[PDB]
Structure formats: C-alpha cells, structure tokens
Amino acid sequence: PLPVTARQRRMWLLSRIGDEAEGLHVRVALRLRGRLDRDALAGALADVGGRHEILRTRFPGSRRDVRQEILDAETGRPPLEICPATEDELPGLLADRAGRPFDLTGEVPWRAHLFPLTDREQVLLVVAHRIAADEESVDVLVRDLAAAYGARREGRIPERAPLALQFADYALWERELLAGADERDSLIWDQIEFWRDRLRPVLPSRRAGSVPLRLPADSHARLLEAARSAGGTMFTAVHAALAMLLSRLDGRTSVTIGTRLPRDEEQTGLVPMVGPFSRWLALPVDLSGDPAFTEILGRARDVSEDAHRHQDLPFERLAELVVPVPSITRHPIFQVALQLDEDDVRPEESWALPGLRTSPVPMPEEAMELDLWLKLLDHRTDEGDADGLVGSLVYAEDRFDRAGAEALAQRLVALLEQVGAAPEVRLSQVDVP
C-alpha cells in the first residue's frame, strides 16, 4: 500500500476528464540532427524509467483511494511511437501527442513520440503527466535521457550513480510529517489554521496562449526603488501592481494571486530526481480601505513572509480543506499566478544527446487551470540596477482571447508605469479603463 501525495491525488482526479480537456502534462520536443540509433533510444528511454521509479509507477484506485504501483523497468517501459512526418505537419502532431490523455490506472505516466523526418533528422517528443513530473523534471528527464543514450549508443548499459532517494520516499515523508493534521497546536495544524484565517464552460480545455509584456528600465527602476523602500523585492512590486489591477477589474477589495515554487532547494536529494515537486503558494492581499501602492506593497510583502513561513502544508491538501464546491473549470483559491525570475542559464541550451545535434523545438503554452499566469524576467545590470522587465502574460483561452490579453497586458504596463512614477497613488485613483 504505497501512498500518493496531495499533488498526485489532485492530478489523478483531474486526469479523469477526457480528450476535450488538454492533459495536464509536461512535455519537451527535441530536434535531433544526425544518425539516431533508434534501438539505443528505446533502451535509453527504458533506462530513464529504470532510474526513476515514478516513471514506471502506475496509479490504480478509485474516487476514495489511489495507490502507487511501481513496475519494473521492462514491464513499464515507456511506449515509443515512431511516426514518420514532414516538418509541414510537426506542429499538429506535437500538439496532439502532447494532449493525448493518460490512463494512469493502467499506464506508466510518460511516453515518447519519435517523428522521423530524414535518415539524419528526427524530432523526439517526450510527454510526462504532472502526477509524475514537474517543470524542473523536464530538464532532469532530458539530461538523464542524454546520459543513457550516450551509453546505449555504444552498446553499453548506462553507468551512473543511482538515486539516493526515490519518489516513494517522498510520498511516505509527506504521509508522515502531515499526519498530525488533527491535533491541537501541531506543526501542520498550526499551518492549516493559518491558511483558514488567512483566507465559464462546465468542461475546460485548459488551452493557454500568451501575449508579451515589456516594461522599460525607467519604470522598472522606480518599482525596484519603491520595492527597496518598503523592504520588498521586485516580485512584491509587481504583486502589488497586479493586485491593484485585478481589484479594479473585478471590483473586489480582496485579491488573491498565487505563485509556483519549485522543489525545495534545501532538500538537496531532490535535485537529480523526477517528481511532482511543484509547490503552489497563495498570496491573499487585503485591499480594504483605500491603500496606496506603497501601502499595498507592504501588505504584499507581509503576506509573502507569512506564507513562506507556512509552506509545508501542500496546496492541494489546503484546497481540499477550504474549497467547498471545487471546480474543474476554475482554479482553487487563486486564478492568477505570478512568476518573477532573475536572469539565469537556460537549461535548453545544455541539452545534448551524445552523437546528435540537439536543439529544443518550441511547443504551445502548457495546459493550465489558471486564467492568467504572468511570468516576468527581472533583468539587471552587473551592479544590480534595473535593466528592463520582460516576460509573457499567459492567458486561458476559455477565458480571454489575444485581444483581451493584449488589452490586459497593456493595462498592467500602464499601471506599472503609474505606480512607479507616483507610489502614493491610492487604489481608487489609479488609471484602469
């Protein structure tokens, strides 16, 4: 009886919805120029599955209970479709194969689709259900597939130091330090209490588009200036601005955005392993009264400190505890999420299958439950000064179109420029037509 995690529990449930809703998957398309050893690629795929038990794990059960069934490397190797194609039809094939649903009760949670273009050029697609792989796992997937292919293409079994921890250890660790849910003044009990007090089509498609969002360095500097003034980060500055925009658009005095945090970077054992380690954090901000941007920046800063002090309760478990009527067409607790990243090395640049010219093939935006996902890059000069804020407003297609998203992106850029040049502006006197 191997337990699943709170995130796996939610992912399994949402996986039983059907073709109309795009599968909640992570996926990577790799252009491979050169002579590909197809039988070595198949062996390397099985080797990645052998290395990560979760990739050969199955999820049988029902509405009341789901179980983690770990298969061996052979029975439970990922399927490998070989689908000869022309560049012509690669966009449609990649989208279709990435969206094909998983039957997690009788299938391993990942698969591969090879698309031969010539004898020296192919495109490989790897899809993994988010019950088994998060965003960071895609990088781990490709790197471990490259390591296994280099050995397999030389007629050799991959020679690697095995995983110290498997995801089964993480599922039990979650079942453990969480079992004190019903106990006065317990660790997680304190956290469950913290979030309680702190807080459309009937069938979604989960299709996401994106529009660009650029802020010049001038307005970027003034936000960084105001952020430092209140002991906050650039995330806090954009969080406050976005909270004002949504407050006026929806006419609500209490806006709650979220943010996706990656795996716990402290737990170093999780670094090389595949898993649904995505942690989500609600950031409810009260705009009661009529606060100014500086004052909203403070409320944003304060909730981020308390929330990060309370991130051991999984978001999916908290959802079960504070959502009365959950919806498969509206994300729980928050529908808008914000990512603010410092510039860093791109993992796609360092993906290389030995013997093949490797380069990433772009895919459409990932399937999401959110209505809006603002992902921004916090560009800096070598001194740490503002050097532009560049990113994308990822929008839900069941909820906006490109024009409605462009109008939203432009509306937020205006708000960002306004509160930067006048941080004392109240919530009411802000320019949102």
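All residue numbers refer to positions in the sequence shown, first residue = 1.
Q) With respect to the deposited sequence, how many residues separating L199 from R200 are not represented by coordinates: none, 1 to 3, 4 to 9, or 10 or more? A) Gap size class: 10 or more residues without coordinates, per the record.
Q: Look over 156-164 and 138-146 in the entry and identify the one with the greater average Cα temperature factor.
A: According to the PDB entry, the answer is 156-164.
Q) Quick one: higher average CA temperature factor, 60-68 or 369-377? A) Between 60-68 and 369-377, it is 60-68 that shows the higher mean C-alpha B-factor.
Q) Out of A95, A337, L287, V271, which shows the largest CA B-factor listed in the entry? A) Answer for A95, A337, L287, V271: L287, with the highest C-alpha B-factor.
Q | Selection from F277, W280, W110, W189 [criterion: highest C-alpha temperature factor in the record] | A | It is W189.
Q: Could you say whether, by C-alpha temperature factor, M11 belongs to the lowest, middle or highest third of its chain?
A: Lowest third - that is where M11 ends up once the chain's C-alpha B-factors are sorted.
**Q.** B-factor third for the C-alpha atom of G180 within its chain
**A.** Highest third, going by the recorded CA B-factors of the chain.
Q: Compare the C-alpha B factor of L24 with those of the other modelled residues in its chain, then answer lowest, middle or highest third.
A: Its C-alpha B-factor belongs to the lowest third of this chain's values.
Q. Which third, lowest, middle or highest, does the CA B-factor of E320 fall in along this chain?
A. As the PDB entry reports it, the C-alpha B-factor of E320 lands in the middle third of its chain.
Q) Going by the entry, which third of its chain does the Cα temperature factor of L36 land in? A) It belongs to the middle third of the chain when residues are ordered by C-alpha B-factor.
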